[PDB]
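Please read the structure below before turning to the comments.
Bear in mind these aren't lab numbers, they're just calculated from the coordinates by the rules spelled out. When we count neighbours, we look across all protein chains shown, and the Cβ atoms used for this are built from the backbone with ideal geometry, even at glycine.
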Amino acid sequence: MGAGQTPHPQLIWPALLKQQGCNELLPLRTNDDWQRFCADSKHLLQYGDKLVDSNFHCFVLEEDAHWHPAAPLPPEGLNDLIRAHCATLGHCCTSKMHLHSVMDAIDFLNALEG
């Protein structure tokens, strides 16, 4: 029993999805941005697709179409995600240690993308 297609209630938006095999971080400003996924493509999303929230909770997706808590994350472990989205495009920082936190990432990725 659950009343929306949401990843986890305990995930505090914004969030950062990093799909299996791909590298493009999926910034998601809020729960609307996630609903805009299944609204527009009920596809993708492997058991393995990883989510991270603003509180550095990692999650992994299961075949039970839920997200399980897959440990908290170090300050550098956010950088381990964004390492993909940056390297797949061509970016390597612009002052400070790439990104302070998830807030800063969602600010960055907007102004990057084409």
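Structure notes:
- Number of residues in the stretch 87-107 that are in a helix (DSSP H, G or I) and under 14 Å from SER54 (Cβ atoms) equals 6.
- When the stretch 7-20 is filtered for residues that are surrounded by fewer than 15 Cβ atoms within 10 Å (Cβ to Cβ) and either in contact with a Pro (Cβ under 7 Å, 6 or more places away or on another chain) or touching a residue at least 24 places away in the same chain (Cβ under 8 Å) (or both), the ones remaining, listed by number, are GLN10, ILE12, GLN20.
- Subset of the stretch 57-75 (residues that are in a strand (DSSP E or B) and either acidic (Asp, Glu) or out of contact with any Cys (no Cβ under 9 Å at 6 or more places or on another chain) (or both)): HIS57, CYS58, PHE59, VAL60, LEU61, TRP67, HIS68
- Meets criteria (in contact (Cβ under 8 Å) with a residue 24 or more places away in the chain and within 14 Å of the chain's Cα centre (by Cα)) for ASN23: yes
- Just one of (1) in contact with a helix residue (DSSP H, G or I) (Cβ under 7 Å, 6 or more places away or on another chain); (2) farther than 19 Å from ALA111 by Cβ; (3) assigned to a helix (DSSP H, G or I) fails for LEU78. It is (2).
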